[PDB]
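Asker: Supplied structure: my_file_11.cif, mmCIF, C-alpha atoms; chains and numbers go by the auth columns.
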data_my_file
#
loop_
_atom_site.group_PDB
_atom_site.id
_atom_site.type_symbol
_atom_site.label_atom_id
_atom_site.label_comp_id
_atom_site.label_asym_id
_atom_site.label_seq_id
_atom_site.Cartn_x
_atom_site.Cartn_y
_atom_site.Cartn_z
_atom_site.B_iso_or_equiv
_atom_site.auth_seq_id
_atom_site.auth_asym_id
ATOM 1 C CA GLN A 1 61.905 1.629 -187.074 0.00 2 I
ATOM 2 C CA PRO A 2 59.639 -0.708 -185.108 0.00 3 I
ATOM 3 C CA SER A 3 60.511 -0.481 -181.429 0.00 4 I
ATOM 4 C CA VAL A 4 63.053 -3.120 -180.431 0.00 5 I
ATOM 5 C CA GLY A 5 62.147 -2.317 -176.829 0.00 6 I
ATOM 6 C CA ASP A 6 58.521 -3.249 -177.495 0.00 7 I
ATOM 7 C CA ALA A 7 59.655 -6.464 -179.224 0.00 8 I
ATOM 8 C CA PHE A 8 61.801 -7.323 -176.189 0.00 9 I
ATOM 9 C CA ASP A 9 58.777 -6.671 -173.953 0.00 10 I
ATOM 10 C CA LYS A 10 56.721 -9.031 -176.138 0.00 11 I
ATOM 11 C CA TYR A 11 59.429 -11.698 -175.853 0.00 12 I
ATOM 12 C CA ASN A 12 59.300 -11.399 -172.058 0.00 13 I
ATOM 13 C CA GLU A 13 55.489 -11.610 -172.130 0.00 14 I
ATOM 14 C CA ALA A 14 55.576 -14.759 -174.291 0.00 15 I
ATOM 15 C CA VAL A 15 57.955 -16.368 -171.771 0.00 16 I
ATOM 16 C CA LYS A 16 55.688 -15.366 -168.887 0.00 17 I
ATOM 17 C CA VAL A 17 52.553 -16.752 -170.562 0.00 18 I
ATOM 18 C CA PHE A 18 54.324 -20.027 -171.304 0.00 19 I
ATOM 19 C CA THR A 19 55.680 -20.199 -167.744 0.00 20 I
ATOM 20 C CA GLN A 20 52.205 -19.746 -166.242 0.00 21 I
ATOM 21 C CA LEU A 21 50.616 -22.377 -168.488 0.00 22 I
ATOM 22 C CA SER A 22 53.511 -24.837 -168.250 0.00 23 I
ATOM 23 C CA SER A 23 53.565 -24.740 -164.444 0.00 24 I
ATOM 24 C CA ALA A 24 49.902 -25.837 -164.447 0.00 25 I
ATOM 25 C CA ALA A 25 50.624 -28.791 -166.787 0.00 26 I
ATOM 26 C CA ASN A 26 52.172 -32.272 -166.392 0.00 27 I
ATOM 27 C CA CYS A 27 55.657 -31.372 -167.617 0.00 28 I
ATOM 28 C CA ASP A 28 58.784 -33.403 -166.741 0.00 29 I
ATOM 29 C CA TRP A 29 61.460 -31.040 -168.051 0.00 30 I
ATOM 30 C CA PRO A 30 64.589 -33.215 -167.505 0.00 31 I
ATOM 31 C CA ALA A 31 62.907 -36.119 -169.300 0.00 32 I
ATOM 32 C CA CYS A 32 61.652 -33.834 -172.098 0.00 33 I
ATOM 33 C CA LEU A 33 65.034 -32.186 -172.649 0.00 34 I
ATOM 34 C CA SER A 34 66.825 -35.538 -172.722 0.00 35 I
ATOM 35 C CA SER A 35 64.328 -36.877 -175.282 0.00 36 I
ATOM 36 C CA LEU A 36 65.030 -34.033 -177.721 0.00 37 I
ATOM 37 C CA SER A 37 67.314 -34.600 -180.715 0.00 38 I
ATOM 38 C CA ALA A 38 69.051 -31.273 -180.114 0.00 39 I
ATOM 39 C CA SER A 39 72.785 -30.495 -180.283 0.00 40 I
ATOM 40 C CA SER A 40 72.931 -26.865 -179.136 0.00 41 I
ATOM 41 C CA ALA A 41 74.328 -24.432 -176.599 0.00 42 I
ATOM 42 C CA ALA A 42 70.773 -23.716 -175.417 0.00 43 I
ATOM 43 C CA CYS A 43 70.201 -27.391 -174.669 0.00 44 I
ATOM 44 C CA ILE A 44 73.524 -27.756 -172.844 0.00 45 I
ATOM 45 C CA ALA A 45 72.504 -24.823 -170.658 0.00 46 I
ATOM 46 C CA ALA A 46 68.915 -26.047 -170.146 0.00 47 I
ATOM 47 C CA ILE A 47 69.935 -29.596 -169.223 0.00 48 I
ATOM 48 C CA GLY A 48 72.672 -28.105 -167.043 0.00 49 I
ATOM 49 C CA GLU A 49 70.018 -26.414 -164.893 0.00 50 I
ATOM 50 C CA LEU A 50 68.015 -29.691 -164.688 0.00 51 I
ATOM 51 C CA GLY A 51 65.218 -28.026 -166.626 0.00 52 I
ATOM 52 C CA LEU A 52 64.588 -25.529 -163.818 0.00 53 I
ATOM 53 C CA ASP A 53 65.277 -22.524 -166.113 0.00 54 I
ATOM 54 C CA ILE A 54 62.132 -22.084 -168.234 0.00 55 I
ATOM 55 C CA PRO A 55 63.710 -19.536 -170.639 0.00 56 I
ATOM 56 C CA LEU A 56 66.560 -21.966 -171.353 0.00 57 I
ATOM 57 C CA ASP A 57 64.081 -24.837 -171.751 0.00 58 I
ATOM 58 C CA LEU A 58 62.272 -22.822 -174.409 0.00 59 I
ATOM 59 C CA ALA A 59 65.467 -21.841 -176.246 0.00 60 I
ATOM 60 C CA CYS A 60 66.606 -25.480 -176.200 0.00 61 I
ATOM 61 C CA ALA A 61 63.261 -26.757 -177.501 0.00 62 I
ATOM 62 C CA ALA A 62 63.446 -24.313 -180.399 0.00 63 I
ATOM 63 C CA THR A 63 66.768 -25.842 -181.514 0.00 64 I
ATOM 64 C CA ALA A 64 65.435 -29.373 -181.753 0.00 65 I
ATOM 65 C CA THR A 65 64.228 -30.925 -184.974 0.00 66 I
ATOM 66 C CA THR A 66 61.832 -33.044 -182.921 0.00 67 I
ATOM 67 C CA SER A 67 59.532 -31.329 -180.435 0.00 68 I
ATOM 68 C CA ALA A 68 56.672 -33.849 -180.232 0.00 69 I
ATOM 69 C CA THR A 69 58.212 -36.492 -178.059 0.00 70 I
ATOM 70 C CA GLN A 70 56.269 -38.478 -175.520 0.00 71 I
ATOM 71 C CA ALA A 71 58.434 -37.068 -172.747 0.00 72 I
ATOM 72 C CA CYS A 72 57.701 -33.527 -173.889 0.00 73 I
ATOM 73 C CA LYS A 73 53.925 -33.969 -173.629 0.00 74 I
ATOM 74 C CA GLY A 74 52.779 -31.400 -171.091 0.00 75 I
ATOM 75 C CA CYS A 75 55.938 -29.358 -171.722 0.00 76 I
ATOM 76 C CA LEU A 76 55.858 -28.332 -175.394 0.00 77 I
ATOM 77 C CA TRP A 77 52.766 -29.860 -177.034 0.00 78 I
ATOM 78 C CA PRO B 1 46.999 -26.996 -177.196 0.00 3 D
ATOM 79 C CA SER B 2 47.598 -24.717 -174.211 0.00 4 D
ATOM 80 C CA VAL B 3 51.369 -25.018 -173.835 0.00 5 D
ATOM 81 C CA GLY B 4 51.724 -25.861 -177.532 0.00 6 D
ATOM 82 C CA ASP B 5 50.121 -22.579 -178.562 0.00 7 D
ATOM 83 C CA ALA B 6 52.181 -20.727 -175.948 0.00 8 D
ATOM 84 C CA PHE B 7 55.349 -22.276 -177.356 0.00 9 D
ATOM 85 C CA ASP B 8 54.287 -21.181 -180.865 0.00 10 D
ATOM 86 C CA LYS B 9 53.914 -17.577 -179.674 0.00 11 D
ATOM 87 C CA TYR B 10 57.318 -17.808 -177.994 0.00 12 D
ATOM 88 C CA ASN B 11 58.833 -18.952 -181.300 0.00 13 D
ATOM 89 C CA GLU B 12 57.044 -16.123 -183.137 0.00 14 D
ATOM 90 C CA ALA B 13 58.412 -13.550 -180.697 0.00 15 D
ATOM 91 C CA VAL B 14 61.942 -14.902 -181.211 0.00 16 D
ATOM 92 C CA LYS B 15 61.583 -15.038 -185.011 0.00 17 D
ATOM 93 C CA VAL B 16 60.171 -11.511 -185.191 0.00 18 D
ATOM 94 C CA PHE B 17 62.904 -10.224 -182.904 0.00 19 D
ATOM 95 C CA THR B 18 65.572 -11.987 -185.015 0.00 20 D
ATOM 96 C CA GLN B 19 64.512 -10.200 -188.213 0.00 21 D
ATOM 97 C CA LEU B 20 64.038 -6.901 -186.397 0.00 22 D
ATOM 98 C CA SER B 21 67.519 -7.093 -184.854 0.00 23 D
ATOM 99 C CA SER B 22 69.218 -7.313 -188.245 0.00 24 D
ATOM 100 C CA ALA B 23 67.522 -4.083 -189.348 0.00 25 D
ATOM 101 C CA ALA B 24 68.202 -2.141 -186.114 0.00 26 D
ATOM 102 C CA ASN B 25 72.043 -1.886 -186.106 0.00 27 D
ATOM 103 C CA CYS B 26 72.393 -4.134 -183.067 0.00 28 D
ATOM 104 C CA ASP B 27 75.850 -5.247 -181.927 0.00 29 D
ATOM 105 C CA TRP B 28 74.837 -8.275 -179.862 0.00 30 D
ATOM 106 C CA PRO B 29 78.328 -9.280 -178.617 0.00 31 D
ATOM 107 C CA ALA B 30 79.004 -5.735 -177.416 0.00 32 D
ATOM 108 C CA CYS B 31 75.546 -5.507 -175.854 0.00 33 D
ATOM 109 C CA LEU B 32 75.962 -8.819 -174.023 0.00 34 D
ATOM 110 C CA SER B 33 79.353 -7.862 -172.613 0.00 35 D
ATOM 111 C CA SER B 34 78.077 -4.449 -171.504 0.00 36 D
ATOM 112 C CA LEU B 35 75.297 -6.008 -169.413 0.00 37 D
ATOM 113 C CA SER B 36 77.850 -7.401 -166.905 0.00 38 D
ATOM 114 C CA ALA B 37 75.564 -10.372 -166.224 0.00 39 D
ATOM 115 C CA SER B 38 77.011 -13.827 -165.610 0.00 40 D
ATOM 116 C CA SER B 39 73.788 -15.866 -165.717 0.00 41 D
ATOM 117 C CA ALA B 40 73.859 -19.209 -167.533 0.00 42 D
ATOM 118 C CA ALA B 41 71.952 -17.692 -170.456 0.00 43 D
ATOM 119 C CA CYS B 42 74.515 -14.877 -170.713 0.00 44 D
ATOM 120 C CA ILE B 43 77.558 -17.166 -170.520 0.00 45 D
ATOM 121 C CA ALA B 44 76.108 -19.330 -173.290 0.00 46 D
ATOM 122 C CA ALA B 45 75.030 -16.331 -175.398 0.00 47 D
ATOM 123 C CA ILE B 46 78.478 -14.713 -175.088 0.00 48 D
ATOM 124 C CA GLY B 47 80.228 -17.947 -176.043 0.00 49 D
ATOM 125 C CA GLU B 48 78.070 -18.035 -179.182 0.00 50 D
ATOM 126 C CA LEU B 49 79.240 -14.505 -180.154 0.00 51 D
ATOM 127 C CA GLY B 50 75.669 -13.243 -179.873 0.00 52 D
ATOM 128 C CA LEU B 51 74.654 -15.289 -182.915 0.00 53 D
ATOM 129 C CA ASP B 52 72.044 -17.226 -180.900 0.00 54 D
ATOM 130 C CA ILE B 53 69.114 -14.783 -180.684 0.00 55 D
ATOM 131 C CA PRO B 54 67.041 -16.862 -178.211 0.00 56 D
ATOM 132 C CA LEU B 55 69.984 -16.951 -175.804 0.00 57 D
ATOM 133 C CA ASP B 56 70.647 -13.228 -176.362 0.00 58 D
ATOM 134 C CA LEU B 57 67.065 -12.511 -175.290 0.00 59 D
ATOM 135 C CA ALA B 58 67.202 -14.888 -172.317 0.00 60 D
ATOM 136 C CA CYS B 59 70.472 -13.229 -171.252 0.00 61 D
ATOM 137 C CA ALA B 60 69.000 -9.754 -171.526 0.00 62 D
ATOM 138 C CA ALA B 61 66.033 -10.827 -169.392 0.00 63 D
ATOM 139 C CA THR B 62 68.431 -11.759 -166.548 0.00 64 D
ATOM 140 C CA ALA B 63 70.189 -8.394 -166.541 0.00 65 D
ATOM 141 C CA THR B 64 69.483 -5.662 -164.042 0.00 66 D
ATOM 142 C CA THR B 65 69.158 -3.058 -166.807 0.00 67 D
ATOM 143 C CA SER B 66 69.398 -2.792 -170.606 0.00 68 D
ATOM 144 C CA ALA B 67 70.568 0.871 -170.381 0.00 69 D
ATOM 145 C CA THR B 68 73.906 0.623 -172.151 0.00 70 D
ATOM 146 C CA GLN B 69 75.069 2.280 -175.333 0.00 71 D
ATOM 147 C CA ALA B 70 76.135 -1.090 -176.719 0.00 72 D
ATOM 148 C CA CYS B 71 72.563 -2.319 -176.323 0.00 73 D
ATOM 149 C CA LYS B 72 71.043 0.504 -178.382 0.00 74 D
ATOM 150 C CA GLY B 73 69.322 -1.139 -181.324 0.00 75 D
ATOM 151 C CA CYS B 74 69.322 -4.466 -179.446 0.00 76 D
ATOM 152 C CA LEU B 75 67.108 -3.829 -176.420 0.00 77 D
ATOM 153 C CA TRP B 76 66.057 -0.182 -176.733 0.00 78 D
#
What do you get writing this file as structure tokens?
Answerer:
Amino acid sequence: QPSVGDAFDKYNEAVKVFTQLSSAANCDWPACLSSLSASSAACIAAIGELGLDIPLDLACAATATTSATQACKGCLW
Amino acid sequence: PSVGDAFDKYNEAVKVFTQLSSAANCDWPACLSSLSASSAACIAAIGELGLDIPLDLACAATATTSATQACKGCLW
């Protein structure tokens, strides 16, 4: 089988790349998260950390039907 | 789109991992409990019975090690 360890490494690398690029951008995570139309555990956790947890921000954003909100400019698109 | 492309690759890594986990005999709830990690991602992932793959991965990334038998097929 394809290595699940490698796939986990690639997940961690994708989070790192996003974290490096997102830190350099004009992202307001609490505003972005609140703008999302997302009812999910990931969003409860992400909003609960005031957007400070980038992995939870990403998991939350993936559960929303809308990602291209004005408040999420600089964060997700 | 700098962050937009990076978010797309994040989603691809999660989607690939999701399909790969089903084929690898992974017991996510057992794996999560074996990590003994009480980070926010882990509490949320455990409450979701391991069904939320993005939170499973975020939880695993907060653990000190993935070296448990319950995480064979999930993380190694």
Asker: With the cut-off set at 10 Å and counting all atoms listed in the file, tabulate each residue of chain I with an atom at most that distance from an atom of chain D, showing the nearest atom pair and its distance in Å to one decimal, ordered by chain and increasing number, as CSV.
Answerer:
residue,atom,partner,partner_atom,distance
I:2,CA,D:26,CA,7.4
I:3,CA,D:22,CA,7.7
I:4,CA,D:78,CA,7.3
I:5,CA,D:78,CA,5.6
I:6,CA,D:78,CA,4.5
I:7,CA,D:78,CA,8.2
I:8,CA,D:19,CA,6.2
I:9,CA,D:77,CA,6.4
I:10,CA,D:77,CA,9.1
I:11,CA,D:15,CA,6.6
I:12,CA,D:15,CA,5.3
I:13,CA,D:63,CA,7.3
I:14,CA,D:12,CA,8.7
I:15,CA,D:12,CA,5.1
I:16,CA,D:12,CA,6.4
I:17,CA,D:8,CA,9.5
I:18,CA,D:8,CA,6.7
I:19,CA,D:8,CA,5.2
I:20,CA,D:5,CA,8.9
I:21,CA,D:5,CA,9.3
I:22,CA,D:5,CA,6.0
I:23,CA,D:5,CA,6.0
I:24,CA,D:5,CA,9.6
I:25,CA,D:5,CA,9.5
I:26,CA,D:5,CA,8.0
I:28,CA,D:5,CA,9.9
I:41,CA,D:54,CA,9.8
I:42,CA,D:46,CA,6.3
I:43,CA,D:57,CA,6.8
I:45,CA,D:46,CA,8.8
I:46,CA,D:42,CA,6.6
I:47,CA,D:42,CA,8.8
I:49,CA,D:42,CA,9.0
I:50,CA,D:42,CA,8.6
I:54,CA,D:42,CA,9.3
I:55,CA,D:60,CA,9.7
I:56,CA,D:60,CA,6.1
I:57,CA,D:43,CA,6.9
I:59,CA,D:9,CA,7.5
I:60,CA,D:56,CA,5.6
I:61,CA,D:56,CA,8.9
I:62,CA,D:9,CA,9.1
I:63,CA,D:13,CA,7.1
I:64,CA,D:56,CA,9.6
I:68,CA,D:6,CA,10.0
I:69,CA,D:6,CA,9.8
I:74,CA,D:6,CA,9.3
I:75,CA,D:5,CA,7.1
I:76,CA,D:5,CA,6.6
I:77,CA,D:6,CA,5.3
I:78,CA,D:6,CA,4.2
Asker: Find the residue from D:36, D:71, D:66, D:53 that sits nearest to residue 24 in chain D; use all atoms listed in the file when measuring.
Answerer: D:53
Asker: Hey, can I get the axis-aligned box for range 24-35 of chain I? All listed atoms, 6 Å padding on each side, centre and edge lengths in Å to one decimal, as lines of an AutoDock Vina configuration file.
Answerer:
center_x = 58.4
center_y = -30.4
center_z = -168.6
size_x = 28.9
size_y = 23.4
size_z = 20.3
Asker: Need the shell around residue 37 in chain I: protein/DNA/RNA residues with any atom at most 7 Å away, counting only C-alpha atoms. Skip same-chain ones fewer than 3 positions apart. Format as a PDB file with C-alpha atoms, keeping the file's coordinate frame?
Answerer:
ATOM      1  CA  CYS I  33      61.652 -33.834-172.098  1.00  0.00           C
ATOM      2  CA  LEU I  34      65.034 -32.186-172.649  1.00  0.00           C
ATOM      3  CA  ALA I  65      65.435 -29.373-181.753  1.00  0.00           C
ATOM      4  CA  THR I  67      61.832 -33.044-182.921  1.00  0.00           C
ATOM      5  CA  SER I  68      59.532 -31.329-180.435  1.00  0.00           C
TER       6      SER I  68
END
Asker: For the atom pair CA of residue 72 in chain D and CA of residue 44 in chain I, what is the interatomic distance in Å to one decimal place?
Answerer: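 Between CA of residue 72 in chain D and CA of residue 44 in chain I the gap is 27.0 Å.
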Asker: Could you check how far CA of residue 51 in chain D sits from CA of residue 29 in chain D, in Å to one decimal?
Answerer: 10.0 Å
Asker: Quick one: distance from CA of residue 37 in chain D to CA of residue 70 in chain D in Å, one decimal?
Answerer: 7.3 Å
Asker: Starting from the sparse input, extend range 48-76 of chain D to N, CA and C atoms and give the output as a PDB file, in the coordinates of the input.
Answerer:
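Output (part.pdb):
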ATOM      1  N   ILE D  48      77.184 -15.331-174.811  1.00  0.00           N
ATOM      2  CA  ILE D  48      78.478 -14.713-175.088  1.00  0.00           C
ATOM      3  C   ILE D  48      79.411 -15.699-175.784  1.00  0.00           C
ATOM      4  N   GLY D  49      79.392 -16.963-175.368  1.00  0.00           N
ATOM      5  CA  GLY D  49      80.228 -17.947-176.043  1.00  0.00           C
ATOM      6  C   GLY D  49      79.851 -18.126-177.502  1.00  0.00           C
ATOM      7  N   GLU D  50      78.576 -17.943-177.821  1.00  0.00           N
ATOM      8  CA  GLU D  50      78.070 -18.035-179.182  1.00  0.00           C
ATOM      9  C   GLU D  50      78.197 -16.720-179.953  1.00  0.00           C
ATOM     10  N   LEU D  51      78.972 -15.759-179.448  1.00  0.00           N
ATOM     11  CA  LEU D  51      79.240 -14.505-180.154  1.00  0.00           C
ATOM     12  C   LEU D  51      77.952 -13.760-180.495  1.00  0.00           C
ATOM     13  N   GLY D  52      76.932 -13.917-179.651  1.00  0.00           N
ATOM     14  CA  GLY D  52      75.669 -13.243-179.873  1.00  0.00           C
ATOM     15  C   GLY D  52      74.882 -13.743-181.057  1.00  0.00           C
ATOM     16  N   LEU D  53      75.341 -14.794-181.729  1.00  0.00           N
ATOM     17  CA  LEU D  53      74.654 -15.289-182.915  1.00  0.00           C
ATOM     18  C   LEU D  53      73.378 -16.048-182.585  1.00  0.00           C
ATOM     19  N   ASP D  54      73.208 -16.469-181.335  1.00  0.00           N
ATOM     20  CA  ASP D  54      72.044 -17.226-180.900  1.00  0.00           C
ATOM     21  C   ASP D  54      71.052 -16.218-180.324  1.00  0.00           C
ATOM     22  N   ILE D  55      70.072 -15.805-181.143  1.00  0.00           N
ATOM     23  CA  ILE D  55      69.114 -14.783-180.684  1.00  0.00           C
ATOM     24  C   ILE D  55      68.307 -15.233-179.493  1.00  0.00           C
ATOM     25  N   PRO D  56      67.764 -16.459-179.426  1.00  0.00           N
ATOM     26  CA  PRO D  56      67.041 -16.862-178.211  1.00  0.00           C
ATOM     27  C   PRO D  56      67.871 -16.734-176.946  1.00  0.00           C
ATOM     28  N   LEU D  57      69.153 -17.117-176.989  1.00  0.00           N
ATOM     29  CA  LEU D  57      69.984 -16.951-175.804  1.00  0.00           C
ATOM     30  C   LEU D  57      70.305 -15.486-175.537  1.00  0.00           C
ATOM     31  N   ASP D  58      70.463 -14.664-176.581  1.00  0.00           N
ATOM     32  CA  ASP D  58      70.647 -13.228-176.362  1.00  0.00           C
ATOM     33  C   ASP D  58      69.485 -12.656-175.558  1.00  0.00           C
ATOM     34  N   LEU D  59      68.259 -13.010-175.958  1.00  0.00           N
ATOM     35  CA  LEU D  59      67.065 -12.511-175.290  1.00  0.00           C
ATOM     36  C   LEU D  59      66.964 -13.031-173.862  1.00  0.00           C
ATOM     37  N   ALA D  60      67.210 -14.335-173.665  1.00  0.00           N
ATOM     38  CA  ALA D  60      67.202 -14.888-172.317  1.00  0.00           C
ATOM     39  C   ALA D  60      68.245 -14.198-171.443  1.00  0.00           C
ATOM     40  N   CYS D  61      69.433 -13.937-171.996  1.00  0.00           N
ATOM     41  CA  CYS D  61      70.472 -13.229-171.252  1.00  0.00           C
ATOM     42  C   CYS D  61      69.997 -11.848-170.841  1.00  0.00           C
ATOM     43  N   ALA D  62      69.446 -11.114-171.797  1.00  0.00           N
ATOM     44  CA  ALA D  62      69.000  -9.754-171.526  1.00  0.00           C
ATOM     45  C   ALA D  62      67.951  -9.732-170.421  1.00  0.00           C
ATOM     46  N   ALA D  63      67.082 -10.746-170.398  1.00  0.00           N
ATOM     47  CA  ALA D  63      66.033 -10.827-169.392  1.00  0.00           C
ATOM     48  C   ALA D  63      66.585 -11.073-167.994  1.00  0.00           C
ATOM     49  N   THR D  64      67.829 -11.559-167.860  1.00  0.00           N
ATOM     50  CA  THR D  64      68.431 -11.759-166.548  1.00  0.00           C
ATOM     51  C   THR D  64      69.235 -10.552-166.085  1.00  0.00           C
ATOM     52  N   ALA D  65      69.338  -9.514-166.899  1.00  0.00           N
ATOM     53  CA  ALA D  65      70.189  -8.394-166.541  1.00  0.00           C
ATOM     54  C   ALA D  65      69.407  -7.441-165.659  1.00  0.00           C
ATOM     55  N   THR D  66      70.143  -6.640-164.890  1.00  0.00           N
ATOM     56  CA  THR D  66      69.483  -5.662-164.042  1.00  0.00           C
ATOM     57  C   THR D  66      68.949  -4.496-164.861  1.00  0.00           C
ATOM     58  N   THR D  67      69.629  -4.138-165.948  1.00  0.00           N
ATOM     59  CA  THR D  67      69.158  -3.058-166.807  1.00  0.00           C
ATOM     60  C   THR D  67      69.686  -3.267-168.224  1.00  0.00           C
ATOM     61  N   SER D  68      68.955  -2.755-169.219  1.00  0.00           N
ATOM     62  CA  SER D  68      69.398  -2.792-170.606  1.00  0.00           C
ATOM     63  C   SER D  68      69.962  -1.451-171.061  1.00  0.00           C
ATOM     64  N   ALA D  69      70.092  -0.499-170.137  1.00  0.00           N
ATOM     65  CA  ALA D  69      70.568   0.871-170.381  1.00  0.00           C
ATOM     66  C   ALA D  69      72.079   0.938-170.604  1.00  0.00           C
ATOM     67  N   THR D  70      72.520   0.437-171.750  1.00  0.00           N
ATOM     68  CA  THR D  70      73.906   0.623-172.151  1.00  0.00           C
ATOM     69  C   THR D  70      73.919   1.111-173.587  1.00  0.00           C
ATOM     70  N   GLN D  71      74.980   1.836-173.950  1.00  0.00           N
ATOM     71  CA  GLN D  71      75.069   2.280-175.333  1.00  0.00           C
ATOM     72  C   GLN D  71      75.192   1.095-176.272  1.00  0.00           C
ATOM     73  N   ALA D  72      75.940   0.065-175.857  1.00  0.00           N
ATOM     74  CA  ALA D  72      76.135  -1.090-176.719  1.00  0.00           C
ATOM     75  C   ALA D  72      74.836  -1.828-176.968  1.00  0.00           C
ATOM     76  N   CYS D  73      73.836  -1.656-176.106  1.00  0.00           N
ATOM     77  CA  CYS D  73      72.563  -2.319-176.323  1.00  0.00           C
ATOM     78  C   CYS D  73      71.550  -1.453-177.067  1.00  0.00           C
ATOM     79  N   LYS D  74      71.934  -0.261-177.520  1.00  0.00           N
ATOM     80  CA  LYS D  74      71.043   0.504-178.382  1.00  0.00           C
ATOM     81  C   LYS D  74      70.875  -0.220-179.711  1.00  0.00           C
ATOM     82  N   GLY D  75      69.629  -0.347-180.161  1.00  0.00           N
ATOM     83  CA  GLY D  75      69.322  -1.139-181.324  1.00  0.00           C
ATOM     84  C   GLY D  75      69.080  -2.604-181.027  1.00  0.00           C
ATOM     85  N   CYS D  76      69.555  -3.091-179.882  1.00  0.00           N
ATOM     86  CA  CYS D  76      69.322  -4.466-179.446  1.00  0.00           C
ATOM     87  C   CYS D  76      68.129  -4.564-178.509  1.00  0.00           C
TER      88      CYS D  76
END
